[PDB]
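**Student:** Opening with a subset of the complex:
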Amino acid sequence: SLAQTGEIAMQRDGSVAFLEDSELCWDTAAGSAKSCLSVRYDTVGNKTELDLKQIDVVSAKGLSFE
């Protein structure tokens, strides 16, 4: 018996999608503090949110919105 779990490897072609509400994280020099981000959905909004609020500052070059 095989079980397709969270262990499935993410491919450089992007064919494999993340699991719902899973977090992409970085090791930071804070030691063992993780600085993560995710794409969440708020059904109480029907809107997709790219949540970066775990990261203190986001520094861009160009920046555009709608």
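**Tutor:** Yep, that arrived. Numbers count the residues shown, from 1 in each chain, chains lettered A, B, ... in the order given.
**Student:** okay, CA-based contacts and neighbour counts for the rest of this
**Tutor:** Noted.
**Student:** Pull up the gap between the most centrally placed residue in chain A and residue A:27, please.
**Tutor:** Nearest residue to the geometric centre of chain A (Cα atoms, centre = their mean): residue A:38, 2.7 Å. Counting by Cα to Cα, to the nearest Å, the separation of residue A:38 from residue A:27 is 15 Å.
**Student:** ok so, going back, mind listing what the nearest residue to the residue nearest to the centre of chain A once chain neighbours are set aside touches?
**Tutor:** The shortest distance from residue A:38 to any non-neighbouring residue, by Cα to Cα, 6 or more residues apart in numbering, is to residue A:23 (4.9 Å). Going by Cα atoms under 8 Å, 6 or more residues apart in numbering, residue A:23 touches A:36-38.
**Student:** now residue A:25
**Tutor:** Neighbouring residues of residue A:25 by Cα under 8 Å, 6+ apart: A:34-37.
**Student:** Strand partners (parallel or antiparallel) of the longest strand seen in chain A?
**Tutor:** Longest strand in chain A, counting residues (DSSP state E): strand A:34-42. The pairing partners recorded for strand A:34-42 under DSSP bridges are strand A:24-27 (antiparallel), strand A:47-51 (antiparallel).
**Student:** okay, chain B goes in next:
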Amino acid sequence: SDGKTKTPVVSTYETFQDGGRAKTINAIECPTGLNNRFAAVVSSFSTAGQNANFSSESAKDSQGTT
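**Tutor:** So, slotting chain B in with the rest:
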């Protein structure tokens, strides 16, 4: 910004249409959980009242006071 979540401010050049009727401007659609804000600030003006056309950003027509 200081614990409050904000959207970027967007700007429009506005004049009243002749007839002295109030100006209708549509409010931007706010993300879920945020509320609309508005501010009007003075750019060009005279005491011409209805005898003027300021609708061009590059020149101002002022025909004096009624």
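**Student:** Send over the longest strand of chain A as CSV, restricted to the C-alpha atoms.
**Tutor:** The C-alpha trace of strand A:34-42 is given here as CSV (Å, rounded to 0.1, in the frame of the first residue of the first chain):
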residue,chain,number,x,y,z
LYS,A,34,10.5,30.4,10.6
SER,A,35,9.3,33.2,8.3
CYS,A,36,6.6,31.7,6.1
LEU,A,37,3.9,32.7,3.6
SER,A,38,1.0,31.0,1.9
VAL,A,39,-1.9,31.5,-0.5
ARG,A,40,-5.1,31.3,1.6
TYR,A,41,-8.7,31.5,0.6
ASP,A,42,-11.3,33.3,2.7
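**Student:** Please point out which parts of it sit buried.
**Tutor:** For strand A:34-42, the neighbour count (16 or more other Cα atoms under 10 Å in any protein chain shown) marks A:35-38 as buried.
**Student:** a markdown table please, covering those residues and showing distance to residue B:27.
**Tutor:** Below are these laid out as a markdown table (distance: Cα to Cα, whole Å):
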| residue | distance to residue B:27 |
| --- | --- |
| A:35 | 35 |
| A:36 | 34 |
| A:37 | 30 |
| A:38 | 29 |
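**Student:** Good, wrapping up.
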